[PDB]
There are 2 protein chains.
Amino acid sequence: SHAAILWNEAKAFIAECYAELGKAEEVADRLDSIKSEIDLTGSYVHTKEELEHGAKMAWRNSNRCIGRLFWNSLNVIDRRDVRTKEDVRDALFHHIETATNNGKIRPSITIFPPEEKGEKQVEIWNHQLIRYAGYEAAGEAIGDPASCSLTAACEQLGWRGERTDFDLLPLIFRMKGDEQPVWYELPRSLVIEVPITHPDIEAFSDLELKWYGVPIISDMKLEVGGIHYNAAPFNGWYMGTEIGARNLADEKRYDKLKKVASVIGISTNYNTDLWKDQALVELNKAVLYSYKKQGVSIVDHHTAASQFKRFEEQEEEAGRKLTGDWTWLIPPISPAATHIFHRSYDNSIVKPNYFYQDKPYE
Amino acid sequence: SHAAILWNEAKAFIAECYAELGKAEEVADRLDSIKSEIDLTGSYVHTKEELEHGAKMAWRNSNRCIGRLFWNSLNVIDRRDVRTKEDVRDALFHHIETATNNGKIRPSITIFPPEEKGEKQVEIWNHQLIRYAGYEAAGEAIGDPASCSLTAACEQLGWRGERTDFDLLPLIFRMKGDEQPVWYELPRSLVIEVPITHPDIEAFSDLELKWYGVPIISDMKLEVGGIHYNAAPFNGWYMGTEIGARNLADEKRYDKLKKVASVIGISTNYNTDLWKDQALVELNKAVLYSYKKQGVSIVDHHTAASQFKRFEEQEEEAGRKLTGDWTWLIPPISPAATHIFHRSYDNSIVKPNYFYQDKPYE
Ligand code: HEM
Ligand code: HEM
């Protein structure tokens, strides 16, 4: 069944949604109208309000997210009107632009058309609109290993990277009707990057490290009232450790710890020296310092956790049960220094929410 | 039922145990003998071999433990012969002694008599044989907050601390038949302590930090073949972060981070400086350095995780399924630098094992 599943979800969503918006009386007629539409067309269409809030509710229900305090300030851009590839390209460009906001990043989400009878109207391949390529010749590795398969997929369609450690992959999506996707390179004037330097250590720039300024997840599905928005790229700002303790530090990512240990002048001879731990704190300090120097929003794990704590409180004050995933909520650097580590969370899925979906490539 | 539960467990344990020891043929007669005994006495008695190995199997099945690589080298001290309070005192003293082994700590466990008809023969109150007291006057806090309730309990029986931050609590247990427990102060010549200093920073000793040299958990129950050893204190060596990132760093424990940040000469003004993170790495480095300076065994989280990895491998080579608890396996400092962080574990309880039991005080 599908006509049953939908109408069920719809009644639940519209009820909770209007309850929060203060339009409990309008639940009656709206649900009558949706009933006709589901039987008439075989689905329904959300209003700019239902969807905007639905996107905000899905944010608040994101267990694995430490920054849900600002759920209610999401900038929902409604682009369910797109019909061509140029329309999609221009919307992603706009999204990157307005979201970046010259450095003062703005949490935003672009809502593209949802699936009709299970068939997607638009299909975004990218994990994040802005991301570096990854290559691994029979010899060694160049770039972000995490991007390996998507990079392969793009080179299969005519795209070719210069092969540096920081090649910006192109935008890649498929439109309903097209068998294969299309790609568009990102105008470099749209993409803000940040070179990594250290406040006290002058040698740190020899590492020639840098990272893009805005993470825009683009491969997740957004479920709201039974409607599946398979394409709805969203973004918040970065949390220092995502770049300094994972992207640049993981052995399966960039793996910069030995290098960092060297430029900061410490030995990588013994584990008892805790050099990896000392290197992580200098790299993480460098990352927070650079983004701040350049005027691009970022947050350290202490402020974030502290902000998350205030969320937990607000959720109780409003009467909503709280859900969270401890294994992803704790920062990868000094978890036991934040309150998140010491308490527990109910890892229960509540819709509306964002879900993983199967990669088209691979 | 209880006679049924026992015989069930017994058949399973003896089978797996002898299989590992290479005495599969002896499983027959031994199980016949245990059958008589269970119906004759209403329980059975393990052999020095069954119990020794049972204690080692329970170690290997400890999900929350990162050091199971040395499960097979446990030093099982059989003291199921104790009958008086002096017998128990002398056994705990001996345990502390032989286990400490002048600094070259030895993983050990003292097996006391198990429960008969649910009634304990010996009941140990202490969480760890060696541990500091905790006090909180209407005014401020002195000592280890974690010890607050046990300390209260001891002062209720005549014990009185000098009230420093590091008062060694006394040994406290109850013998079957006695209504209230008894206490015995620990001879200070038995207890090894380690003052905390830093390899490069001379000011670090102004903090006047120290920690005992051996953690001996004494409030856990050991289940082997249906038999419940409620009193069986065990110990391994320390892993630096247990002292440097938790005991001395937690806000509900000692809370030394602001102080450490000061002696190392860094500001505690902004979170973006990552001072807590910088302080944790200096304190953790200091702890590993001091214990090593004094010749008391200790292991850093990198070597430990690396040692745990080898365990995972061995468990697969031997054909045993592996169980683990990720939320306790990852070190509290730089978890994403160890392989444990990046994989997952089956948190399934397999007996023989160690279990929590209800505190007599409280
Ligand atoms: C205010 C800025 C934000 C901060 C500081 C923040 C931070 C984080 C962090 C640290 C994670 C962990 C990701 C990882 O470990 O890989 C995460 C995950 C997540 N966040 Fe947020 N976030 C922000 C905004 C948002 C927004 C705008 C949305 C959606 C409308 C959102 C949805 C999610 C979801 C669904 C995940 C799961 C990611 C996954 O499993 O792939 N977050 N976020
Ligand atoms: C080789 C030395 C050992 C090391 C390095 C080691 C390390 C650890 C660590 C780091 C934990 C975490 C404790 C916490 O986070 O509070 C732990 C837990 C545990 N270990 Fe081990 N361990 C060692 C020996 C042993 C021995 C000898 C036994 C028993 C025969 C054992 C039984 C357990 C159990 C049951 C836990 C659970 C503790 C609890 O939940 O209270 N370990 N160990």
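In each ligand, atom 1 is the first atom listed, and ligand 1 is the first ligand listed. What's counted below: heavy atoms across the whole structure, side chains too, no hydrogens, waters or symmetry copies. Residue numbers begin at 1 in each chain, while the letters A, B, ... track the order of the sequences.
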Got the closest protein heavy atom to atom 25 (C) of ligand 1, with its distance?
A/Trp59 NE1, 3.1 Å

Quick one: does A/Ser348's side chain have a donor or acceptor within less than 3.5 Å of a partner on A/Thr323's backbone?
no

Looking only at non-hydrogen atoms, which of A/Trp237, A/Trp71, A/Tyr356, A/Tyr238 approaches atom 1 (C) of ligand 1 most closely?
A/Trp237

Look at the aromatic rings of B/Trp125 and B/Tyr361 and report parallel, tilted or perpendicular, splitting at 30° and 60°.
tilted

Compare B/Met239, B/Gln128, B/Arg64 and give the one whose heavy atom is closest to atom 12 (C) of ligand 2.
B/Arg64

Could you tell me whether B/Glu20 and B/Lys56 make a salt bridge, using a distance below 4.0 angstrom between a side-chain N and a carboxylate O?
no

Using the rule given for ring pair (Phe, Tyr, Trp, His ring centres under 6.0 Å), can you reason through B/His46 versus B/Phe13, listing the C-alpha separation, both sets of side-chain angles and the distance that settles it, and then say yes or no?
CA-CA 11 Å; B/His46 290 287; B/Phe13 169 68; 5.6 Å; yes

Parallel under 30°, tilted from 30 to 60°, perpendicular over 60°: which one fits the rings of B/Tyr132 and B/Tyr212?
perpendicular

Please confirm whether A/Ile109 approaches ligand 1 to less than 4.0 Å, judged on its heavy atoms.
no

Any idea which of A/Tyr354, A/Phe308, A/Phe70, A/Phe234 brings a heavy atom closest to atom 32 (C) of ligand 1?
A/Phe234

Atoms of ligand 1, numbered as shown, that sit under 4.0 Å from any heavy atom of A/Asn235
27 (C)

Of all protein heavy atoms, the one nearest atom 36 (C) of ligand 1 is A/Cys65 CB, 4.4 Å

Give the atoms of ligand 1, by number and element, whose distance to some non-hydrogen atom of A/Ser62 is under 4.0 Å.
35 (C)

Does a salt bridge link A/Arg68 with A/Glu315, judged by any charged N lying under 4.0 Å from a carboxylate O?
no

Which residue and non-hydrogen atom of the protein lie closest to atom 13 (C) of ligand 1, and at what distance in Å?
A/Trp328 CZ3, 3.7 Å

Checking heavy atoms under 4.0 Å, the part of A/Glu242 that sits near ligand 1 is side chain

Atom pair CG (A/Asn347) and CG (A/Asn63), whose distance is rounded to the nearest 0.5 Å
5.0 Å

